[PDB]
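Here's the structure we're looking at; comments come further down.
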Amino acid sequence: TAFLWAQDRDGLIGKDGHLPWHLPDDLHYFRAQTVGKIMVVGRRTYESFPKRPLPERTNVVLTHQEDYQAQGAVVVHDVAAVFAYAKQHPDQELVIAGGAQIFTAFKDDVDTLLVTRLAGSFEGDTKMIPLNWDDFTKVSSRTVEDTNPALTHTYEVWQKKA
Ligand SMILES: NC(=O)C1=CN([C@@H]2O[C@H](COP(=O)(O)OP(=O)(O)OC[C@H]3O[C@@H](n4cnc5c(N)ncnc54)[C@H](OP(=O)(O)O)[C@@H]3O)[C@@H](O)[C@H]2O)C=CC1
Ligand SMILES: COc1cc(Cc2c[nH+]c(N)nc2N)cc(OC)c1OC
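Right, dumping it as structure tokens:
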């Protein structure tokens, strides 16, 4: 169970469906970070995504309906079931992809946190949930500059201590 999202300096994520900042280098970070892993996206994000499902990537949708028809992409309606699959897959763990609703239900059960902090500052109404950074420790961090002052950003990966 890991969290994988992107936020600006204030900690924004996405406003009204489409993200607030257009960062091409971030999308690659999202795909590369979920290659061969289970991608949990709530019915709101999966419905807002641009190209679904991802190529050679495990994607799971979360919804409260019972007739959700999605051939090619996994489908579940209870975090309890999703937690089972990852425990049963020896090569596909549980990775969260959002949106905010999915970061809250899994906030208690977290194992790895992946956040992208951009240098630019955007505004909106939906932001990432309150994570306990004090209980986790960043094990890997990479900063990359870009021709655009705001499109600049860093990748932070954390792990839960025991
Ligand atoms: N920074 C980032 O990484 C990401 C950011 N974003 C931004 O966030 C927005 C989405 O945030 P938010 O408004 O919170 O919505 P979400 O996209 O997080 O909504 C998740 C949906 O999943 C379903 N769901 C949630 N919990 C459960 C559960 N326990 N059982 C069953 N179904 C469940 C609900 O759908 P239902 O209506 O079917 O019950 C819920 O509306 C995106 O539009 C985008 O702007 C989106 C993805 C990633
Ligand atoms: C991989 O493509 C998208 C991915 C996301 C979610 C997302 C983005 N970036 C990061 N770092 N984590 C995420 N979960 C949101 C999108 O739009 C809101 C996308 O389409 C541009």
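Convert by adding 1 to the 1-based position in the sequence shown; the result is the number in the UniProt record's numbering. By construction, the Cβ of each residue, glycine as well, lies at the ideal position given by its N, Cα and C atoms.
Please name the residue in the options whose C-alpha comes closest to that of residue i.
i    : options                 : result
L24  : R58, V145 and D11       : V145
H29  : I103, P56, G73 and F123 : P56
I103 : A163, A81, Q89 and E124 : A81
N60  : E67, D68, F50 and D112  : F50
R32  : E124, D17, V42 and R58  : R58
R143 : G125, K108, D27 and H90 : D27
Tell me the start and end of each unbroken beta strand (DSSP E) in the UniProt domain "DHFR" (2-161) that is at least 3 residues and wholly inside, in chain order.
3-8, 39-43, 59-63, 75-77, 95-99, 113-119, 137-145 and 154-161
For the pair the stretch 144-160 and the stretch 117-127, tell me if three or more CB-CB distances fall below 8 Å.
yes
Would you call the stretch 33-46 and the stretch 96-108 touching, i.e. three or more CB-CB distances under 8 Å?
yes
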